[PDB]
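Heads up, the thing below is written out as structure tokens.
Chain letters run A, B, ... following the sequence lines, proteins first and then strands; every chain starts at 1. Atom set for the values below is all heavy atoms of this structure, side chains included, hydrogens, waters and symmetry mates excluded.
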Amino acid sequence: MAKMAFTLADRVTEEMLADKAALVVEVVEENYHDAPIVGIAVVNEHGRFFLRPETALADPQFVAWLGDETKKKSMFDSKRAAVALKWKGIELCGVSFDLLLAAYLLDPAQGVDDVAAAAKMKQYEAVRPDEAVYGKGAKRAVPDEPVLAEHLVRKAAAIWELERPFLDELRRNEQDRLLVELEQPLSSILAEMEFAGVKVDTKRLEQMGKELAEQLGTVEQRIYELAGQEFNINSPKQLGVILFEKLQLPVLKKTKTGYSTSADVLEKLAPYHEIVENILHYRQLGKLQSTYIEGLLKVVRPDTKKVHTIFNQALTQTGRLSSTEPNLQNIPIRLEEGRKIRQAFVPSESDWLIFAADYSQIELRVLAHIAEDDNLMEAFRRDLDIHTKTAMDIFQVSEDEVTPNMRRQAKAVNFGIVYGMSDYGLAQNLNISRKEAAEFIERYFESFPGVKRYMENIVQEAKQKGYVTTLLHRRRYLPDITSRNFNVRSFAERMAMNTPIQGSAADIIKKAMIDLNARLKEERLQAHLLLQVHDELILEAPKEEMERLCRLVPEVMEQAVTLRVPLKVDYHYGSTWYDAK
DNA sequence: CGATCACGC
DNA sequence: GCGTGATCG
């Protein structure tokens with residue numbers, strides 16, 4: 001009666017197939033793609049059951065219950081179960097409550113990664129953290145059946161008990177529809193995207209691998225010639241001894257252990273010595289090689305030549321997705337050498353093409369909407385180039401008098417407003433003075449007084465309410481907004497300024513993903529989502545569908561919500577992700 | 001591990 | 001502002 005009672009079941013019975021249940025389909029491998037299911041727990045009105053998966057998943061009655069939309073299941077991290085079951089050809093339906101997503105909407109700062117941490121939010125402690133049962137990292141093991149089954153039954157019993165109070169609190173926060181109509185349906189869409197995966201041209205990556213390895217070997221040798229000795233170019237310390245001690249280059253910035261060797265600093269040092277540009281080029285090549293070529297080839301499935309990312313839907317403090325193993329949300333684009341990596345991401349079938357649609361300036365259009373700044377809203381109703389226009393306003397010039405440097409500076413100020421940075425932050429970002437950065441910000445606020453009002457009002461609202469919200473009622477708690485430490489307080493103020501913009505942008509693209517999946521099914525298109533990259537959706541479709549996607553994808557993305565400004569989506573397609581430009 | 005740096009939006 | 005991850009020591 002400190003132990004939890006359950007049937008360790010040999011076969012599946014009708015009692016286990018009630019039309020409401022807490023279900024655990026446990027996948028212990030962090031990467032759940034084609035991973036084993038180690039055990040199953042069901043808690044329902046009839047009691048508590050553990051089933052061995054070779055039993056339950058081979059039983060036609062259990063499989064049909066899993067697939068029955070009208071048999072409602074409460075889970076934690078239903079996507080993990082959904083995907084592991086997809087790899088076994090088994091459909092999971094009727095998941096009406098996901099505790100991971102419920103806890104994430106109530107408070108993203110909790111970092112709820114297991115049932116125990118979700119349960120601790122409601123004073124429920126009759127369940128162990130996964131880490132205590134499985135261990136961590138290397139020592140990490142499925143334990144023997146009696147320990148495993150008791151753990152899964154306790155997770156299920158916790159889920160069974162916590163559904164009601166999580167749903168009550170979401171309802172009080174007006175997040176009930178954010179759970180049921182946004183995050184849960186998106187969960188199933190991410191499952192499909194992860195499972196379908198993205199085809200890679202591994203031969204192209206291998207060949208890029210070879211060219212890079214030769215170029216690195218060249219640039220390595222040059223570096224040791226200019227330094228007149230061998231060292232580890234990747235040692236943050238050994239590089240600092242070569243640059244600042246042997247060659248005696250000026251120290252323009254320190255960090256902690258010693259000297260900054262960031263690309264910011266190295267660029268300023270290039271004139272002093274021919275070693276610096278070689279070091280910068282070497283780092284560029286080395287990044288492509290380590291992170292992108294070798295990293296990608298490590299996780300490609302040799303049988304299909306696909307990568308299967310995992311979108312973490314319950315991690316970011318703003319409501320964005322993250323992407324792991326591999327991260328397909330940070331593939332190079334800015335420098336042409338890196339951008340060529342995208343030539344290796346190809347359609348998964350013959351005569352298919354990659355279709356990429358991205359929102360134009362979604363953060364600043366969202367800012368124009370929430371601030372109701374008359375001038376910024378007008379700028380977007382004219383579809384002006386927003387950086388050119390901010391330049392005309394802050395420097396008091398006509399369009400024709402805006403220089404490339406003015407535009408670059410106006411662009412950085414636009415980012416500085418969205419990130420809520422201080423004079424210091426903008427000065428650091430622009431390599432200018434603080435008094436200067438403050439004149440820019442003051443002039444911006446004179447051109448956009450509604451944005452100034454919004455920035456002041458949202459800091460005061462975070463202080464008064466304890467949190468800030470997005471368009472679709474996502475929340476972030478900011479307790480540090482009342483700290484008497486200036487740096488901790490200022491960081492909370494920037495989050496109060498930024499989170500509604502970045503979070504509202506995340507809300508809109510998630511709704512567009514839901515609306516777009518429904519429209520593709522209605523339209524009988526084979527086109528499907530592969531990736532989301534924050535303000536961008538990537539699909540693949542038969543070439544015969546491109547003409548329809550050119551009208552449908554932007555339309556659905558533009559109409560996902562109605563703001564006081566239009567939403568604008570650009571779109572391109574081609575043979576590879578690279579060519580979808 | 002955590003500090004640093006480099007990639008994305 | 002928000003992320004992942006390769007690397008060193």
Side-chain angles (χ1 to χ4, degrees), chain A residues 30 108-109 136-138 231-240 253-267 279-296 298-299 309-335 337-339 341-342 356 358-364 366-367 412 414-422 425-426 429 455 458 468 470 474 476 478 490-506 509 531-538 577:
Chain A
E30 236 177 48
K136 39 152 201 169
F231 66 106
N232 185 8
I233 300 160
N234 282 130
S235 291
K237 99 70 111 106
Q238 282 180 19
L239 185 62
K253 226 191 51 159
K254 283 203 78 88
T255 42
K256 208 53 195 254
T257 276
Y259 327 96
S260 177
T261 79
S262 109
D264 218 297
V265 176
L266 287 187
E267 261 159 76
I279 284 162
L280 275 162
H281 187 46
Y282 173 86
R283 286 226 180 124
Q284 201 212 358
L285 302 177
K287 180 47 169 228
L288 297 191
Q289 179 80 291
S290 296
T291 299
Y292 292 114
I293 302 303
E294 282 169 358
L296 241 15
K298 252 200 211 57
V299 289
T309 197
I310 294 183
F311 293 107
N312 191 337
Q313 190 181 355
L315 190 146
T316 80
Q317 302 299 302
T318 52
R320 282 190 174 187
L321 307 184
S322 77
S323 171
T324 58
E325 233 197 292
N327 186 352
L328 297 181
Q329 298 181 314
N330 74 331
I331 303 307
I333 197 173
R334 266 150 212 166
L335 306 167
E337 290 105 315
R339 187 183 196 140
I341 295 288
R342 288 163 176 244
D358 68 290
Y359 289 106
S360 179
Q361 303 299 335
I362 191 158
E363 290 184 327
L364 284 160
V366 168
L367 176 50
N414 278 332
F415 277 59
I417 303 303
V418 168
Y419 298 166
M421 21 169 99
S422 56
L426 188 50
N429 188 272
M455 288 312 182
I458 201 67
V468 295
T470 71
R474 196 178 307 281
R476 184 177 192 183
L478 294 175
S490 298
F491 193 21
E493 287 171 347
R494 296 206 290 284
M495 289 181 190
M497 286 184 274
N498 177 259
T499 292
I501 297 157
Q502 187 183 124
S504 295
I509 193 160
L531 298 174
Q532 186 253 54
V533 193
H534 308 320
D535 73 345
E536 123 187 0
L537 298 182
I538 300 100
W577 191 3

Rounded to the Å, how far apart are A/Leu315 CG and B/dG8 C1'?
16 Å

Can you tell me if A/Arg283 touches the phosphate of B/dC5, counting only side-chain N or O atoms and a distance under 4.0 Å to OP1 or OP2?
no

Using a 4.0 Å heavy-atom cut-off, does A/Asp358 contact any base of the nucleic acid, only the sugar-phosphate backbone, or nothing at all?
nothing

Tell me whether A/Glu30 at atom CD has more than 12 heavy atoms from other residues, nucleotides or ligands lying less than 6.0 Å away.
no

Under 4.0 Å between a side-chain N or O of A/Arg320 and OP1 or OP2 of B/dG8?
no

Under 4.0 Å between any heavy atoms, over every strand shown, what does A/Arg339 touch: base, sugar-phosphate, or nothing? Just pick one.
nothing

I need the A/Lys237 NZ to A/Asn232 CG distance, nearest 0.5 Å.
10.5 Å

Heavy atoms only, 4.0 Å cut-off, all strands: where does A/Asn498 land among base, sugar-phosphate and nothing?
sugar-phosphate

To the nearest Å, give me how far apart CG (A/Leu321) and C1' (B/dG8) are.
14 Å

Remember a base hit wins even if backbone is also touched, and classify A/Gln329 as base, sugar-phosphate or nothing at under 4.0 Å, heavy atoms.
sugar-phosphate

If you assign each of A/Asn234 and A/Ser323 to its closest nucleotide in DNA chain C, which residue comes earlier from the 5' end?
A/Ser323

In whole angstroms, the gap separating P of B/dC9 from CG of A/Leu537 amounts to 14 Å

Quick one: A/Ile279 CD1 to B/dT4 P, roughly how many Å, whole number?
18 Å

First and last nucleotide of DNA chain C in contact with chain A, 5' to 3', at under 4.0 Å to a heavy atom: what are they?
C/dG1 to C/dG9

Rounded interatomic separation in angstrom, taking NZ from A/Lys253 and P from B/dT4
10 Å

Which whole-number value in Å describes the distance from A/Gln284 CD to B/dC5 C1'?
14 Å

